[PDB]
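Same chain, two versions here, written out as structure tokens and called structure 1 and structure 2.
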Structure 1
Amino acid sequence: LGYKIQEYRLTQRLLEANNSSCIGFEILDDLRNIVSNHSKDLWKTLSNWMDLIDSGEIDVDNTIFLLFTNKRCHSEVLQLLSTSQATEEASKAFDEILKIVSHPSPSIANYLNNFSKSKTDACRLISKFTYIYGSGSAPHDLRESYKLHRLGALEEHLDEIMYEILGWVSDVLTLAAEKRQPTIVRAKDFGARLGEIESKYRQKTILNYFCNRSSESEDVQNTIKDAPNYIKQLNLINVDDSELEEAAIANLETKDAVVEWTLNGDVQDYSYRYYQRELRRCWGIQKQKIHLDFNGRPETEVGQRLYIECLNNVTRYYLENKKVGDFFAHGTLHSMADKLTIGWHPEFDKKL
């Protein structure tokens, strides 16, 4: 609780951020009231923050600062620091130095003297910095924020994504805590880690479809008598009707799997059109190969050989760099031939 709810809030304010802002945490106030008027640790953190500003490595325009005490702490200037946001500050006047300070307890005067001396660090920092209490419900709030803000947020692997991103945030906070340099965690590194975490689980090399059809189904038996324009091409090559059942099965399962895989975001229309270009080239190779080898034969025999050689060869192709079953590669050839694109018969162009 003391160490675990200090990284839910940084993740919750990093998830609701752009791809350019750098958010700096402070991991302060480990214990009267925790936040007093002349809080030496708060002025030390302010001095370190502004010394990080004049170092030149950190942008001032798009950097958000925070304070985390996980307690109300009942202070007036702490509420003033939590409050005056951009513009605001009653009516403007960002030159609000020595307001209700009045030089208390001059033991370490260097922090307030350096804060009052500088003019570029006593002015847009407070309007961008806000202070937030603990209010522990943060494993629920961050879980809601991930599914609300992140486009394409995975919900099945929700706990296995949200664990190592908190581990990365904890590792960054700890490694920046040993070196004593605040924390200059940027949203670009957080975004790269989140993208790698999601793309680890978004890896797949086989697209699975449940081939539960059969030769005795109603829709398979209708297409033989309906005769669409791929069954019509097989009727000139004198193939037996035993092939025409799984010819109609593979065509019906190719259209049923295209709409299934598209709706899950796996494939789209460009990827199936590329897959309908790779198999179209494969038909062009075996077309001239069979005419080369089996020359001087009747066209019923040559037309049958082109169907068999194109069935044993198109099974090696991939869709979205993923392996597909034999039903998809067999059935796409018929769905090519439906709009008269490829032909098993050598004279299918002027006969259909």
Structure 2
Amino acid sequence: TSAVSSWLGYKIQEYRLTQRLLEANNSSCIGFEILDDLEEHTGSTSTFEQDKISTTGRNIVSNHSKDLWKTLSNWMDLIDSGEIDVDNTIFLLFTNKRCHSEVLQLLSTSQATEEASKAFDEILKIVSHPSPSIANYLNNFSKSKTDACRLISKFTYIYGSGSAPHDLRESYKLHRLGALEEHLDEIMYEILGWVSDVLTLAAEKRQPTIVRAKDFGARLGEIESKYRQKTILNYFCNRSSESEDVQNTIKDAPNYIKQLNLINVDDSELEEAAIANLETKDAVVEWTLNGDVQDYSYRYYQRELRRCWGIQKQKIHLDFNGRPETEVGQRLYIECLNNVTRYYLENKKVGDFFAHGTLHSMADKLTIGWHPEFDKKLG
């Protein structure tokens, strides 16, 4: 029971180090059990956090609580030690569950001198001479008014959410840009194991149990890169020959439909080209808005597809010598259809619709063409 309570107290002590690391810069260094419960140094400021968890149907921190006064006395002893620069030192108290008290309300609020003057009581007006105890913490906390006012104005209280793993996952989701929510558990399992291993290895050698935010960031980046292996780009194509926009595209006669008409392709080939081109134009926007592909690798896709067309042009012009140009154009078009479906976009596989729609998009600008003389009949 008591061993379980202490073990849970430490479990919500390592689950908070990861959360404090996830919300830090590249210069922060967070200590563990060195001076305070959780000591974080960002070079500019410093944060001291104490974690206590009983939550057995009773308020852990109330008006008259041994643990809260012990924490305050320890904080003031650390202040009196003179090592901690109190000019920019922030004191934080975290609880895994909601707790309400008048002392907590006064301490968390009133972050000003004019409000610290009218804060708590005069000397013993509220608590009013508690029961016989060790009682040294009370006079340790209330021996100097200036430091007490400074601590009142530099105090913060933070609640939990009822579950440490859920709080850690929520912090990861909120703070990390581009957080992989699909593999949320596998990252969180491995980012806790690394922290535990680092802390244990530092503790066994009697070395300081400090964690640099740079190493944590590097490990997190490595894990996320390991899980960022979406090799195939996904897109659902639903257009068919009976679609309204397809028929409108054929009737409007854009440049690539004109190029296809120059080589006398059948009706089912004009409708199969508008489907692919429209789906490619729709896919390059969805992938661009989701960060899968930007318009820097699309101009590199269109540069490989143009060299491929340049090669197939020579191959076809060699093979089809003396045949009518309307057949050479069709042969070149078919040879490009079978060949362009081997390139990747951002080293990611794409469907045949994307390659054919890109071919028709490049033919739209008269960059590539099927008829042997297409730049003179459409220029």
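Between two forms, the rigid core is the largest collection of C-alphas that superpose within 1.5 Å. When a residue number appears, read it as a position in the sequence of structure 1, where counting begins at 1.
Residue shifts between structures 1 and 2, rigid core superposed: of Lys128, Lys255, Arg280, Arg193, the only C-alpha displaced by 2 Å or more belongs to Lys128. Shown in the overlay between structures 1 and 2, fitted on the rigid core, is a CA shift at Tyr146 of 2 Å or greater.
When two forms of a protein are overlaid on their rigid core, residues whose CA moves 2 Å or more are considered shifted, and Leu78 is one of them between structures 1 and 2. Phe327: CA moves less than 2 Å between structures 1 and 2 after rigid-core fitting. Relative to the superposed core, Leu66 has its Cα moved 12.2 Å between structures 1 and 2. Once the rigid core is matched between structures 1 and 2, the CA atom of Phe25 is found 2.9 Å away. Taking the core as reference, the C-alpha deviation of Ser137 between structures 1 and 2 is 8.0 Å.
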